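Enquirer: This structure is in structure tokens; I'll ask about it shortly.
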Amino acid sequence: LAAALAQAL
């Protein structure tokens with residue numbers, strides 16, 4: 001999940 005969100009940056 002962290003990666004799924006972190007893509008924003």
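By convention here, the chains of the structure tokens are called A, B, ... in the order presented, each chain's residues are numbered starting at 1, and ligands are numbered starting at 1 in the order presented.
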Could you tell me, as an MDAnalysis selection string, which residues of chain A DSSP assigns to alpha helix (DSSP H) when given the backbone?

Expert: chainID A and resid 2:6
